[PDB]
Every structure is written in C-alpha cells, then in structure tokens.
file start.cif (mmCIF, C-alpha atoms and all ligand atoms)
data_protein
loop_
_atom_site.label_atom_id
_atom_site.label_comp_id
_atom_site.auth_asym_id
_atom_site.auth_seq_id
_atom_site.Cartn_x
_atom_site.Cartn_y
_atom_site.Cartn_z
CA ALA A 11 46.61 -21.50 -35.77
CA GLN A 12 45.37 -22.73 -32.39
CA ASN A 13 41.62 -22.61 -31.54
CA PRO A 14 40.51 -21.26 -34.94
CA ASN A 15 36.77 -21.55 -34.14
CA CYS A 16 37.44 -19.23 -31.09
CA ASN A 17 35.87 -21.57 -28.56
CA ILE A 18 35.97 -20.74 -24.86
CA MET A 19 38.70 -22.96 -23.37
CA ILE A 20 38.66 -24.40 -19.87
CA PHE A 21 41.94 -25.02 -18.07
CA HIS A 22 42.79 -27.29 -15.12
CA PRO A 23 46.25 -26.27 -13.90
CA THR A 24 48.14 -28.45 -11.44
CA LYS A 25 49.32 -26.88 -8.19
CA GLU A 26 52.76 -26.74 -9.81
CA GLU A 27 51.46 -24.89 -12.82
CA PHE A 28 49.50 -22.48 -10.57
CA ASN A 29 52.65 -20.87 -9.19
CA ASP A 30 53.58 -18.63 -12.00
CA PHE A 31 50.65 -16.47 -13.10
CA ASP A 32 52.29 -14.76 -16.09
CA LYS A 33 53.68 -17.98 -17.42
CA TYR A 34 50.23 -19.68 -17.20
CA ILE A 35 48.53 -16.82 -19.06
CA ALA A 36 51.22 -17.13 -21.76
CA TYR A 37 50.54 -20.94 -21.85
CA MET A 38 46.82 -20.41 -22.29
CA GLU A 39 47.51 -18.03 -25.22
CA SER A 40 49.91 -20.61 -26.75
CA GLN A 41 46.87 -22.89 -26.92
CA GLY A 42 44.73 -20.19 -28.55
CA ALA A 43 42.60 -19.34 -25.52
CA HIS A 44 42.61 -15.59 -26.28
CA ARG A 45 40.88 -16.10 -29.55
CA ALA A 46 37.62 -16.72 -27.69
CA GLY A 47 37.88 -13.50 -25.69
CA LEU A 48 37.22 -15.45 -22.42
CA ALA A 49 38.76 -18.49 -20.71
CA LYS A 50 37.78 -20.44 -17.57
CA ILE A 51 40.45 -21.59 -15.11
CA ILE A 52 39.57 -24.22 -12.54
CA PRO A 53 42.08 -23.97 -9.67
CA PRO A 54 43.96 -27.05 -8.40
CA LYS A 55 41.99 -29.01 -5.81
CA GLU A 56 44.54 -28.13 -3.13
CA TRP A 57 44.06 -24.37 -3.56
CA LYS A 58 41.81 -22.11 -1.51
CA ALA A 59 41.19 -18.33 -1.79
CA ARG A 60 40.62 -18.09 1.90
CA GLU A 61 39.70 -20.36 4.87
CA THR A 62 36.06 -19.34 5.18
CA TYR A 63 33.60 -16.58 4.20
CA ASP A 64 32.11 -16.60 7.65
CA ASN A 65 32.40 -12.88 8.34
CA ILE A 66 31.61 -11.19 5.02
CA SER A 67 28.32 -9.64 6.08
CA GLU A 68 30.05 -6.69 7.58
CA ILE A 69 31.37 -5.37 4.28
CA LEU A 70 29.51 -2.21 3.28
CA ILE A 71 27.98 -1.61 -0.07
CA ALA A 72 28.11 2.17 0.11
CA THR A 73 26.27 2.74 -3.19
CA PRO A 74 24.06 -0.19 -4.25
CA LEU A 75 22.85 0.23 -7.82
CA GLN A 76 19.30 -0.56 -8.93
CA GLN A 77 19.52 -1.60 -12.55
CA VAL A 78 16.50 -0.26 -14.36
CA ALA A 79 15.93 -1.49 -17.94
CA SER A 80 14.39 0.25 -20.98
CA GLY A 81 13.68 -1.24 -24.41
CA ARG A 82 12.62 -4.73 -25.51
CA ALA A 83 13.55 -8.07 -24.04
CA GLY A 84 16.36 -8.66 -26.50
CA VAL A 85 17.66 -5.13 -26.92
CA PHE A 86 17.69 -2.85 -23.91
CA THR A 87 19.60 -0.36 -21.93
CA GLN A 88 20.02 -0.17 -18.21
CA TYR A 89 20.44 2.76 -15.94
CA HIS A 90 21.87 2.61 -12.50
CA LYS A 91 19.86 4.26 -9.84
CA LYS A 92 21.82 4.89 -6.61
CA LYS A 93 20.33 3.43 -3.45
CA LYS A 94 21.06 3.86 0.23
CA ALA A 95 24.04 2.00 1.72
CA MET A 96 23.60 -1.48 3.09
CA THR A 97 25.82 -4.19 4.53
CA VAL A 98 26.49 -7.42 2.63
CA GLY A 99 24.28 -9.05 5.35
CA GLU A 100 21.41 -6.75 4.44
CA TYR A 101 22.04 -7.24 0.75
CA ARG A 102 22.13 -11.04 0.97
CA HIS A 103 18.83 -11.00 2.89
CA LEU A 104 17.34 -8.72 0.17
CA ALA A 105 18.63 -11.03 -2.60
CA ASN A 106 16.94 -13.99 -0.89
CA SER A 107 13.58 -12.16 -0.48
CA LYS A 108 10.56 -13.26 -2.40
CA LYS A 109 10.77 -10.10 -4.57
CA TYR A 110 14.40 -10.66 -5.68
CA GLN A 111 15.20 -14.37 -5.34
CA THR A 112 16.00 -16.75 -8.13
CA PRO A 113 12.82 -18.37 -9.52
CA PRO A 114 12.24 -22.11 -9.71
CA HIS A 115 13.94 -23.51 -12.73
CA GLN A 116 15.09 -26.88 -14.23
CA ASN A 117 18.70 -26.10 -15.06
CA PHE A 118 21.01 -23.25 -16.26
CA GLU A 119 19.35 -23.22 -19.70
CA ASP A 120 15.82 -22.75 -18.36
CA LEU A 121 17.16 -20.02 -16.07
CA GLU A 122 18.90 -18.33 -19.08
CA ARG A 123 15.57 -18.46 -20.94
CA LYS A 124 13.77 -16.87 -17.99
CA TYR A 125 16.50 -14.17 -17.76
CA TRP A 126 16.14 -13.04 -21.39
CA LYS A 127 12.38 -13.34 -21.33
CA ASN A 128 11.89 -11.46 -18.09
CA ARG A 129 14.95 -9.31 -17.24
CA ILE A 130 13.47 -6.05 -18.46
CA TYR A 131 10.45 -6.25 -16.20
CA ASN A 132 12.52 -6.21 -12.98
CA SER A 133 15.12 -3.95 -11.35
CA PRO A 134 17.66 -6.01 -9.42
CA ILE A 135 20.16 -4.28 -7.05
CA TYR A 136 23.95 -4.74 -7.78
CA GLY A 137 26.79 -4.01 -5.35
CA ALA A 138 29.41 -3.23 -7.91
CA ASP A 139 32.87 -1.82 -8.11
CA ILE A 140 33.65 -1.94 -4.37
CA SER A 141 37.41 -1.49 -3.77
CA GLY A 142 38.68 -4.43 -1.74
CA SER A 143 39.79 -8.07 -1.64
CA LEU A 144 38.61 -11.29 -0.14
CA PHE A 145 41.84 -13.24 -0.80
CA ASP A 146 43.70 -14.25 2.36
CA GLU A 147 47.09 -12.48 2.42
CA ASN A 148 48.63 -15.93 2.85
CA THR A 149 47.18 -17.17 -0.44
CA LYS A 150 50.20 -16.95 -2.63
CA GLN A 151 48.84 -18.33 -5.93
CA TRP A 152 46.44 -16.36 -8.09
CA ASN A 153 45.75 -13.84 -5.37
CA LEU A 154 44.11 -10.96 -7.24
CA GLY A 155 45.45 -8.45 -4.79
CA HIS A 156 49.09 -9.53 -5.41
CA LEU A 157 49.40 -9.39 -9.15
CA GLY A 158 52.12 -7.47 -11.03
CA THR A 159 50.71 -3.98 -11.81
CA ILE A 160 49.91 -2.60 -15.23
CA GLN A 161 52.20 0.33 -14.49
CA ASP A 162 55.05 -2.05 -13.82
CA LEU A 163 54.26 -3.96 -17.03
CA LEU A 164 54.44 -0.70 -19.04
CA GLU A 165 57.72 0.09 -17.35
CA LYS A 166 59.23 -3.32 -18.08
CA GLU A 167 58.07 -3.32 -21.70
CA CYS A 168 58.39 0.33 -22.67
CA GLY A 169 60.66 1.91 -20.10
CA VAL A 170 58.26 4.55 -19.00
CA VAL A 171 57.51 5.33 -15.44
CA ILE A 172 54.04 6.58 -14.58
CA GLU A 173 51.79 7.24 -11.64
CA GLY A 174 48.77 5.11 -10.84
CA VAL A 175 47.79 2.04 -8.96
CA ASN A 176 45.85 -1.12 -9.80
CA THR A 177 43.61 -2.71 -7.11
CA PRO A 178 40.81 -5.30 -7.10
CA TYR A 179 37.11 -4.74 -6.87
CA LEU A 180 34.30 -6.74 -5.28
CA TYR A 181 30.94 -7.36 -6.92
CA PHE A 182 27.88 -8.56 -4.92
CA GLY A 183 25.17 -9.87 -7.26
CA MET A 184 21.66 -11.18 -7.06
CA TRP A 185 19.27 -12.80 -9.60
CA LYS A 186 19.19 -10.79 -12.84
CA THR A 187 21.97 -8.41 -11.92
CA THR A 188 23.58 -7.64 -15.24
CA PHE A 189 26.88 -6.59 -16.79
CA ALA A 190 26.35 -4.84 -20.09
CA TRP A 191 28.39 -5.41 -23.26
CA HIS A 192 31.88 -3.97 -22.89
CA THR A 193 35.57 -4.45 -23.20
CA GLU A 194 37.90 -3.40 -20.38
CA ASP A 195 39.28 0.05 -19.96
CA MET A 196 42.06 0.52 -22.47
CA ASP A 197 41.16 -2.97 -23.77
CA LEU A 198 42.99 -4.54 -20.80
CA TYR A 199 42.64 -8.10 -19.66
CA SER A 200 40.48 -8.85 -16.69
CA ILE A 201 40.43 -11.68 -14.24
CA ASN A 202 37.41 -12.51 -12.17
CA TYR A 203 37.16 -14.96 -9.30
CA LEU A 204 33.70 -16.10 -8.11
CA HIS A 205 34.26 -16.31 -4.35
CA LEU A 206 30.91 -17.65 -3.28
CA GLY A 207 27.26 -18.13 -4.10
CA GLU A 208 25.29 -18.65 -7.20
CA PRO A 209 26.70 -18.78 -10.75
CA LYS A 210 27.38 -16.05 -13.28
CA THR A 211 26.65 -16.58 -16.98
CA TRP A 212 28.97 -14.93 -19.51
CA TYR A 213 28.62 -14.14 -23.19
CA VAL A 214 31.68 -13.14 -25.25
CA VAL A 215 32.59 -12.08 -28.77
CA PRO A 216 36.02 -13.19 -30.13
CA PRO A 217 38.40 -10.15 -30.29
CA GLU A 218 38.94 -10.69 -33.99
CA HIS A 219 35.18 -10.01 -34.41
CA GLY A 220 34.64 -7.21 -32.01
CA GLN A 221 33.94 -4.65 -34.67
CA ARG A 222 30.98 -6.73 -35.86
CA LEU A 223 29.42 -6.38 -32.44
CA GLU A 224 30.14 -2.61 -32.51
CA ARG A 225 28.44 -2.25 -35.93
CA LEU A 226 25.37 -4.08 -34.63
CA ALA A 227 25.31 -1.97 -31.54
CA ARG A 228 25.36 1.29 -33.59
CA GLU A 229 22.35 -0.05 -35.58
CA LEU A 230 20.49 -1.07 -32.45
CA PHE A 231 21.20 2.00 -30.34
CA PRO A 232 21.37 4.66 -33.07
CA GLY A 233 20.93 7.82 -30.87
CA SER A 234 23.62 6.52 -28.46
CA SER A 235 25.89 5.96 -31.41
CA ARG A 236 25.42 9.53 -32.62
CA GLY A 237 26.14 10.88 -29.12
CA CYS A 238 29.47 9.06 -28.73
CA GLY A 239 31.92 7.28 -30.88
CA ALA A 240 32.57 4.59 -28.23
CA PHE A 241 29.27 4.34 -26.39
CA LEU A 242 29.74 0.76 -25.37
CA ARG A 243 32.26 2.25 -22.87
CA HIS A 244 29.18 3.51 -21.00
CA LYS A 245 28.39 -0.09 -20.06
CA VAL A 246 24.64 0.27 -20.47
CA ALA A 247 23.67 -1.75 -23.57
CA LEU A 248 22.37 -5.31 -23.62
CA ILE A 249 21.79 -7.49 -26.63
CA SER A 250 20.50 -11.06 -26.25
CA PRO A 251 21.97 -14.16 -27.68
CA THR A 252 18.92 -14.56 -29.90
CA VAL A 253 19.49 -11.08 -31.36
CA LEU A 254 23.18 -11.79 -31.83
CA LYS A 255 22.35 -15.07 -33.66
CA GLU A 256 19.72 -13.28 -35.85
CA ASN A 257 22.45 -10.77 -36.89
CA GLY A 258 25.22 -13.27 -37.45
CA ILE A 259 27.45 -12.03 -34.62
CA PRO A 260 29.91 -14.71 -33.56
CA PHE A 261 29.75 -15.37 -29.79
CA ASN A 262 30.07 -17.98 -27.09
CA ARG A 263 28.54 -18.49 -23.67
CA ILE A 264 29.71 -20.17 -20.45
CA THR A 265 28.59 -20.33 -16.86
CA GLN A 266 31.07 -19.61 -14.07
CA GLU A 267 30.52 -21.35 -10.69
CA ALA A 268 31.84 -20.47 -7.27
CA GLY A 269 35.53 -21.33 -7.00
CA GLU A 270 36.38 -20.67 -10.61
CA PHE A 271 38.34 -17.92 -12.38
CA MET A 272 37.47 -16.30 -15.70
CA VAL A 273 40.00 -14.36 -17.79
CA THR A 274 38.83 -11.86 -20.38
CA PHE A 275 41.34 -11.00 -23.07
CA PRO A 276 42.07 -7.70 -24.74
CA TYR A 277 39.18 -6.44 -26.83
CA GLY A 278 36.97 -9.43 -25.87
CA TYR A 279 33.49 -7.96 -25.59
CA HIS A 280 31.55 -9.58 -22.76
CA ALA A 281 28.19 -9.32 -21.00
CA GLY A 282 26.32 -11.49 -18.58
CA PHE A 283 24.10 -11.95 -15.50
CA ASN A 284 24.06 -13.45 -12.06
CA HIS A 285 21.87 -16.41 -11.10
CA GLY A 286 21.38 -15.49 -7.46
CA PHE A 287 23.27 -14.03 -4.51
CA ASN A 288 27.03 -14.13 -5.16
CA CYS A 289 30.35 -12.31 -4.59
CA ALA A 290 33.02 -11.96 -7.24
CA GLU A 291 36.40 -10.21 -7.18
CA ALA A 292 38.01 -8.81 -10.34
CA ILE A 293 40.95 -6.77 -11.47
CA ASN A 294 42.47 -5.58 -14.73
CA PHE A 295 45.91 -6.71 -15.77
CA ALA A 296 48.33 -6.45 -18.69
CA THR A 297 50.79 -8.63 -20.54
CA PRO A 298 53.20 -7.66 -23.25
CA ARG A 299 50.66 -8.68 -25.90
CA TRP A 300 48.19 -6.09 -24.48
CA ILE A 301 50.36 -3.06 -25.37
CA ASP A 302 49.24 -2.87 -29.00
CA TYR A 303 45.60 -3.15 -27.91
CA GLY A 304 46.09 -0.37 -25.47
CA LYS A 305 47.45 1.87 -28.23
CA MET A 306 44.39 1.19 -30.39
CA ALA A 307 41.68 1.22 -27.75
CA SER A 308 38.66 3.40 -28.35
CA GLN A 309 37.73 6.04 -25.95
CA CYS A 310 34.58 7.72 -24.76
CA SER A 311 35.17 11.49 -25.26
CA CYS A 312 31.35 12.45 -24.76
CA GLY A 313 32.22 12.35 -21.08
CA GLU A 314 29.76 9.73 -19.85
CA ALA A 315 32.21 6.87 -19.25
CA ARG A 316 34.27 8.88 -16.72
CA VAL A 317 37.28 6.67 -15.90
CA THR A 318 40.03 6.16 -13.33
CA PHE A 319 42.93 8.10 -12.18
CA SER A 320 45.29 5.41 -13.50
CA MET A 321 43.72 5.29 -17.00
CA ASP A 322 44.89 8.98 -17.54
CA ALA A 323 48.46 7.87 -17.65
CA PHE A 324 47.77 4.99 -20.00
CA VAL A 325 46.12 7.42 -22.46
CA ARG A 326 48.88 9.94 -22.04
CA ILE A 327 51.63 7.53 -22.90
CA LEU A 328 49.97 5.14 -25.36
CA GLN A 329 47.59 7.60 -27.05
CA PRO A 330 49.28 11.03 -26.89
CA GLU A 331 47.24 12.44 -29.78
CA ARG A 332 43.95 11.53 -28.02
CA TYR A 333 45.23 12.81 -24.67
CA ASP A 334 44.12 16.47 -25.20
CA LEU A 335 40.39 15.68 -26.33
CA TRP A 336 39.99 12.63 -23.97
CA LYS A 337 40.84 14.60 -20.76
CA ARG A 338 38.42 17.39 -21.84
CA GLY A 339 35.78 14.60 -21.48
CA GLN A 340 37.28 13.59 -18.10
CA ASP A 341 37.43 17.17 -16.64
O1 LIG A 401 31.32 -9.57 -12.65
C1 LIG A 401 30.78 -8.58 -13.21
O2 LIG A 401 29.68 -7.98 -12.94
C2 LIG A 401 31.50 -7.89 -14.33
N1 LIG A 401 32.84 -8.45 -14.52
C3 LIG A 401 33.58 -8.14 -15.58
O3 LIG A 401 33.15 -7.49 -16.57
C4 LIG A 401 34.99 -8.60 -15.62
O4 LIG A 401 35.41 -9.30 -14.66
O5 LIG A 401 35.63 -8.17 -16.59
MG MG A 402 32.50 -8.70 7.63
NI NI A 403 34.62 -6.82 -17.78
ZN ZN A 404 30.68 8.45 -24.35
#

call {"tool": "encode", "arguments": {"input": "start.cif", "output": "structure tokens"}}
result
Amino acid sequence: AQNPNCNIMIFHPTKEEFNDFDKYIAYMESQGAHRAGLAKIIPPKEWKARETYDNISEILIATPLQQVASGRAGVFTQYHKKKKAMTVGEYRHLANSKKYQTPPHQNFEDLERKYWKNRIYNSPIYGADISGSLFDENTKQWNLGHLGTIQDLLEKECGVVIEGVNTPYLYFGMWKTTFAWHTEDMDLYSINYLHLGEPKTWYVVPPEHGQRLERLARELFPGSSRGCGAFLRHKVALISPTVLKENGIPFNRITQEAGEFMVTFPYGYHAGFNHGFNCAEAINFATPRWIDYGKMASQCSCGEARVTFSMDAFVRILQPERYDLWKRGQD
C-alpha cells in the first residue's frame, strides 16, 4: 500500500503533466497522496494564475466575518459576527494595522506557537466564501473556474442528470483568521490556490482516521454533540495540535505559501489559520472515487449548517433515505 504512514505529499508536476487535471489527481492517488487527507501541488515554474494582482482592491467583501472565540486556548469554538461591507483595499489596510497585523516572530513554528497561545484573545476579520475567481480566463491549466463540474461527474459515473452548479470562492485572510475542523460538503474534494500574500497553515487527519477525530470532538464539545449528530458540519470547533497529540489523534501539518495549491481529499478533516493578509481561491470537485464517500457522508439535520442549492441534489440522489429529514433542516 502506498504512503501507509499517511504523510502529506508534495508534488512538482512538469508543465506537460499540468495539462490534464483529472489524470494528475489520479496519479497523486496512485502514489497514496489521499491517505494523508491533504496534498500540496507546486505548479510548474512556467505557469501563472494571472499576470498581476494590481487591481484586486476593488473587490467587495459584502459580509466580513469577525471570528470571536470562546473556550480555552486548545479547545474553543468560534462564532462569526457579521460586519459592514468593505473593499479588499480597506480590508488589506485593516489587516496591516497595528491591531490586526502579524506579530514579530522567528519563523513559522514560533508563529504557530503564538497562534495557539493567543488566538482566543483576539477577533480577526475574515472575508470568506465570496463567489468569484482571480484566474485569468486565458490560464488553461489548473484554472479553478474551468474544472469539470460535480454534476457532470455524477452524470458520467451514474447516468443521472441533476440541477446545480459548481463555482469557486475567494477567501481574504489576515493574521489569526481561522478555518475550523471540517470535511467538505458531502465529503467532496477541495482544491485551494493561495493567490497572494502571507501563508496559510493546515492541519489534517487521514480519512481512514476521521472517526477518531469525531469521537474526540464529541467528548470535547459535549452539548454540541447532543444538539446535532454531525456538528462538525457547523465549522465552528477548533482543537489544537497539542490537544490532538494528548488524545492520540493521528494528524499532520503543512504550511501553504503564495503560488501553491492544496488538495483536500474526501473525508479528510482539516483546520488551519492565516499568517497575515492573503487571498485564496477554492472550489469543491469530485472524482469517481468520491462517489462512495458522498453516499456515506454525514449530514447536519439540526439545521445550523444550512447548505447550498447544489448539495440538495447530491443528497437526493446519493442519500434518498436521508433526503426527507435533511431538507426539513434546510427549509
Ligand atoms: O482557506 C480557507 O479558509 C478554508 N479552505 C478550505 O477549507 C478548503 O479549501 O477546503
Ligand atoms: Mg479591483
Ligand atoms: Ni475545506
Ligand atoms: Zn447541525
């Protein structure tokens, strides 16, 4: 079996190998990359996402989210308080302010230490889940706005024809902005490209061990667990690497830098934080190997997780028994 220790793999495709997205994902899995739950792909040196970022300040963050934490440094929840709209120019200036900027630090490890020590005492502002793309339309390779759609994958594999669309989202981060422990909707893959700015640190649990993380989370967030059978779908719970190590949860960590892609694999729990002002673009995708994960994916039926138009159809076709009780939560 390839990659039996479930290490995060880093790939360096050639420009020739960067032409066929599906085929390269299949290659990475042939080498065991999915066992980690997360892979890093460094694009060929010849490739560019776009010519420059020189006009990005005019993008609007309609609903910036202030991420307020509750709990202890290693085990906390975050709630998202909606703030007034601001441009990316305004946001970048805010990120660079004395109140919000990255603190002095020696290296990524010292900054990771400062994050876990001090995250809970601050409320950074995240511009998340903004529909859009920063890939140039003339970028033909690994353009996250030109991927094959999940609906088309389901049609190719299963013959069924469903409504829904699949588009990318932009994320504007600052120091301490946080993504809580989660898998993707319907345990899809994701791909994330860090367009510009400061790094993003990721933590991931191998898919084969995801249930271990879930069991820990029910012990650590016991009232949340009683309220919903899939509360990690709410995307509010954080657990530090120290706490994971204390409880024997297998995980890995890696830092993504500007210009790099990350791929999360089906049922690969992940969480992380931003080091400073940055902009990432991400989208869900499917392969044939996903279909079984989609059939088995948990769902939030408490009604908090409140999910997309397109996820309806996935549930309806792959999980017809759930369909009924799941859409009572989403209506
Ligand atoms: O970049 C972020 O804040 C969160 N990204 C993801 O969880 C992802 O790409 O799957
Ligand atoms: Mg602009
Ligand atoms: Ni994700
Ligand atoms: Zn729920």

call {"tool": "closest_atom_pairs", "arguments": {"input": "start.cif", "of": "chain A", "to": "ligand MG 402 (chain A)", "cutoff": "7 Å", "atoms": "all atoms listed in the file", "output": "JSON lines"}}
result
{"residue": "A:65", "atom": "CA", "partner": "A:MG402", "partner_atom": "MG", "distance": 4.2}
{"residue": "A:66", "atom": "CA", "partner": "A:MG402", "partner_atom": "MG", "distance": 3.7}
{"residue": "A:67", "atom": "CA", "partner": "A:MG402", "partner_atom": "MG", "distance": 4.6}
{"residue": "A:68", "atom": "CA", "partner": "A:MG402", "partner_atom": "MG", "distance": 3.2}
{"residue": "A:69", "atom": "CA", "partner": "A:MG402", "partner_atom": "MG", "distance": 4.9}

call {"tool": "write_last_selection", "arguments": {"input": "start.cif", "atoms": "C-alpha atoms", "output": "JSON list (two decimals), in the frame of the given file"}}
result
[["chain", "number", "residue", "atom", "x", "y", "z"],
["A", 65, "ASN", "CA", 32.40, -12.88, 8.34],
["A", 66, "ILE", "CA", 31.61, -11.19, 5.02],
["A", 67, "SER", "CA", 28.32, -9.64, 6.08],
["A", 68, "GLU", "CA", 30.05, -6.69, 7.58],
["A", 69, "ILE", "CA", 31.37, -5.37, 4.28]]

call {"tool": "closest_residue", "arguments": {"input": "start.cif", "among": "A:281, A:246, A:160, A:96", "to": "ligand LIG 401 (chain A)", "atoms": "all atoms listed in the file"}}
result
A:281

call {"tool": "atom_distance", "arguments": {"input": "start.cif", "atom1": "CA of residue 278 (chain A)", "atom2": "CA of residue 189 (chain A)"}}
result
13.9 Å

call {"tool": "residues_near_ligand", "arguments": {"input": "start.cif", "ligand": "ligand NI 403 (chain A)", "cutoff": "7 Å", "atoms": "all atoms listed in the file", "output": "list in words"}}
result
residues 192, 193, 194, 200 and 280 of chain A

call {"tool": "closest_residue", "arguments": {"input": "start.cif", "among": "A:111, A:177, A:265, A:274", "to": "residue 209 (chain A)", "atoms": "only C-alpha atoms"}}
result
A:265

call {"tool": "closest_atom_pairs", "arguments": {"input": "start.cif", "of": "region 162-259 of chain A", "to": "region 116-126 of chain A", "cutoff": "9 Å", "atoms": "all atoms listed in the file", "output": "JSON lines"}}
result
{"residue": "A:185", "atom": "CA", "partner": "A:125", "partner_atom": "CA", "distance": 8.7}
{"residue": "A:186", "atom": "CA", "partner": "A:125", "partner_atom": "CA", "distance": 6.5}
{"residue": "A:211", "atom": "CA", "partner": "A:122", "partner_atom": "CA", "distance": 8.2}
{"residue": "A:250", "atom": "CA", "partner": "A:126", "partner_atom": "CA", "distance": 6.8}
{"residue": "A:251", "atom": "CA", "partner": "A:126", "partner_atom": "CA", "distance": 8.6}

call {"tool": "atom_distance", "arguments": {"input": "start.cif", "atom1": "CA of residue 57 (chain A)", "atom2": "CA of residue 146 (chain A)"}}
result
11.7 Å

call {"tool": "residues_near_ligand", "arguments": {"input": "start.cif", "ligand": "ligand ZN 404 (chain A)", "cutoff": "12 Å", "atoms": "all atoms listed in the file", "output": "PDB file with C-alpha atoms, in the frame of the given file"}}
result
ATOM      1  CA  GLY A 233      20.930   7.820 -30.870  1.00  0.00           C
ATOM      2  CA  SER A 234      23.620   6.520 -28.460  1.00  0.00           C
ATOM      3  CA  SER A 235      25.890   5.960 -31.410  1.00  0.00           C
ATOM      4  CA  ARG A 236      25.420   9.530 -32.620  1.00  0.00           C
ATOM      5  CA  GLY A 237      26.140  10.880 -29.120  1.00  0.00           C
ATOM      6  CA  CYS A 238      29.470   9.060 -28.730  1.00  0.00           C
ATOM      7  CA  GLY A 239      31.920   7.280 -30.880  1.00  0.00           C
ATOM      8  CA  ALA A 240      32.570   4.590 -28.230  1.00  0.00           C
ATOM      9  CA  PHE A 241      29.270   4.340 -26.390  1.00  0.00           C
ATOM     10  CA  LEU A 242      29.740   0.760 -25.370  1.00  0.00           C
ATOM     11  CA  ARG A 243      32.260   2.250 -22.870  1.00  0.00           C
ATOM     12  CA  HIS A 244      29.180   3.510 -21.000  1.00  0.00           C
ATOM     13  CA  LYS A 245      28.390  -0.090 -20.060  1.00  0.00           C
ATOM     14  CA  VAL A 246      24.640   0.270 -20.470  1.00  0.00           C
ATOM     15  CA  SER A 308      38.660   3.400 -28.350  1.00  0.00           C
ATOM     16  CA  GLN A 309      37.730   6.040 -25.950  1.00  0.00           C
ATOM     17  CA  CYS A 310      34.580   7.720 -24.760  1.00  0.00           C
ATOM     18  CA  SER A 311      35.170  11.490 -25.260  1.00  0.00           C
ATOM     19  CA  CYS A 312      31.350  12.450 -24.760  1.00  0.00           C
ATOM     20  CA  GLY A 313      32.220  12.350 -21.080  1.00  0.00           C
ATOM     21  CA  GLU A 314      29.760   9.730 -19.850  1.00  0.00           C
ATOM     22  CA  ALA A 315      32.210   6.870 -19.250  1.00  0.00           C
ATOM     23  CA  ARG A 316      34.270   8.880 -16.720  1.00  0.00           C
ATOM     24  CA  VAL A 317      37.280   6.670 -15.900  1.00  0.00           C
ATOM     25  CA  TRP A 336      39.990  12.630 -23.970  1.00  0.00           C
ATOM     26  CA  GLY A 339      35.780  14.600 -21.480  1.00  0.00           C
ATOM     27  CA  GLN A 340      37.280  13.590 -18.100  1.00  0.00           C
TER      28      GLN A 340
END

call {"tool": "closest_residue", "arguments": {"input": "start.cif", "among": "A:210, A:285, A:222, A:50", "to": "ligand LIG 401 (chain A)", "atoms": "all atoms listed in the file"}}
result
A:210

call {"tool": "residues_near_ligand", "arguments": {"input": "start.cif", "ligand": "ligand LIG 401 (chain A)", "cutoff": "10 Å", "atoms": "all atoms listed in the file", "output": "VMD selection string"}}
result
chain A and resid 48 136 to 139 179 to 183 187 to 195 198 to 204 210 to 212 245 271 to 275 278 to 284 288 to 294

call {"tool": "write_last_selection", "arguments": {"input": "start.cif", "atoms": "C-alpha atoms", "output": "PDB file, in the coordinates of the input"}}
result
ATOM      1  CA  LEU A  48      37.220 -15.450 -22.420  1.00  0.00           C
ATOM      2  CA  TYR A 136      23.950  -4.740  -7.780  1.00  0.00           C
ATOM      3  CA  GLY A 137      26.790  -4.010  -5.350  1.00  0.00           C
ATOM      4  CA  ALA A 138      29.410  -3.230  -7.910  1.00  0.00           C
ATOM      5  CA  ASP A 139      32.870  -1.820  -8.110  1.00  0.00           C
ATOM      6  CA  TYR A 179      37.110  -4.740  -6.870  1.00  0.00           C
ATOM      7  CA  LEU A 180      34.300  -6.740  -5.280  1.00  0.00           C
ATOM      8  CA  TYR A 181      30.940  -7.360  -6.920  1.00  0.00           C
ATOM      9  CA  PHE A 182      27.880  -8.560  -4.920  1.00  0.00           C
ATOM     10  CA  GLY A 183      25.170  -9.870  -7.260  1.00  0.00           C
ATOM     11  CA  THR A 187      21.970  -8.410 -11.920  1.00  0.00           C
ATOM     12  CA  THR A 188      23.580  -7.640 -15.240  1.00  0.00           C
ATOM     13  CA  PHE A 189      26.880  -6.590 -16.790  1.00  0.00           C
ATOM     14  CA  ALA A 190      26.350  -4.840 -20.090  1.00  0.00           C
ATOM     15  CA  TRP A 191      28.390  -5.410 -23.260  1.00  0.00           C
ATOM     16  CA  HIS A 192      31.880  -3.970 -22.890  1.00  0.00           C
ATOM     17  CA  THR A 193      35.570  -4.450 -23.200  1.00  0.00           C
ATOM     18  CA  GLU A 194      37.900  -3.400 -20.380  1.00  0.00           C
ATOM     19  CA  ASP A 195      39.280   0.050 -19.960  1.00  0.00           C
ATOM     20  CA  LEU A 198      42.990  -4.540 -20.800  1.00  0.00           C
ATOM     21  CA  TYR A 199      42.640  -8.100 -19.660  1.00  0.00           C
ATOM     22  CA  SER A 200      40.480  -8.850 -16.690  1.00  0.00           C
ATOM     23  CA  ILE A 201      40.430 -11.680 -14.240  1.00  0.00           C
ATOM     24  CA  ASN A 202      37.410 -12.510 -12.170  1.00  0.00           C
ATOM     25  CA  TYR A 203      37.160 -14.960  -9.300  1.00  0.00           C
ATOM     26  CA  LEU A 204      33.700 -16.100  -8.110  1.00  0.00           C
ATOM     27  CA  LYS A 210      27.380 -16.050 -13.280  1.00  0.00           C
ATOM     28  CA  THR A 211      26.650 -16.580 -16.980  1.00  0.00           C
ATOM     29  CA  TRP A 212      28.970 -14.930 -19.510  1.00  0.00           C
ATOM     30  CA  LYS A 245      28.390  -0.090 -20.060  1.00  0.00           C
ATOM     31  CA  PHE A 271      38.340 -17.920 -12.380  1.00  0.00           C
ATOM     32  CA  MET A 272      37.470 -16.300 -15.700  1.00  0.00           C
ATOM     33  CA  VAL A 273      40.000 -14.360 -17.790  1.00  0.00           C
ATOM     34  CA  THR A 274      38.830 -11.860 -20.380  1.00  0.00           C
ATOM     35  CA  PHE A 275      41.340 -11.000 -23.070  1.00  0.00           C
ATOM     36  CA  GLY A 278      36.970  -9.430 -25.870  1.00  0.00           C
ATOM     37  CA  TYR A 279      33.490  -7.960 -25.590  1.00  0.00           C
ATOM     38  CA  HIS A 280      31.550  -9.580 -22.760  1.00  0.00           C
ATOM     39  CA  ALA A 281      28.190  -9.320 -21.000  1.00  0.00           C
ATOM     40  CA  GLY A 282      26.320 -11.490 -18.580  1.00  0.00           C
ATOM     41  CA  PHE A 283      24.100 -11.950 -15.500  1.00  0.00           C
ATOM     42  CA  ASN A 284      24.060 -13.450 -12.060  1.00  0.00           C
ATOM     43  CA  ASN A 288      27.030 -14.130  -5.160  1.00  0.00           C
ATOM     44  CA  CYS A 289      30.350 -12.310  -4.590  1.00  0.00           C
ATOM     45  CA  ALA A 290      33.020 -11.960  -7.240  1.00  0.00           C
ATOM     46  CA  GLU A 291      36.400 -10.210  -7.180  1.00  0.00           C
ATOM     47  CA  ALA A 292      38.010  -8.810 -10.340  1.00  0.00           C
ATOM     48  CA  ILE A 293      40.950  -6.770 -11.470  1.00  0.00           C
ATOM     49  CA  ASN A 294      42.470  -5.580 -14.730  1.00  0.00           C
TER      50      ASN A 294
END
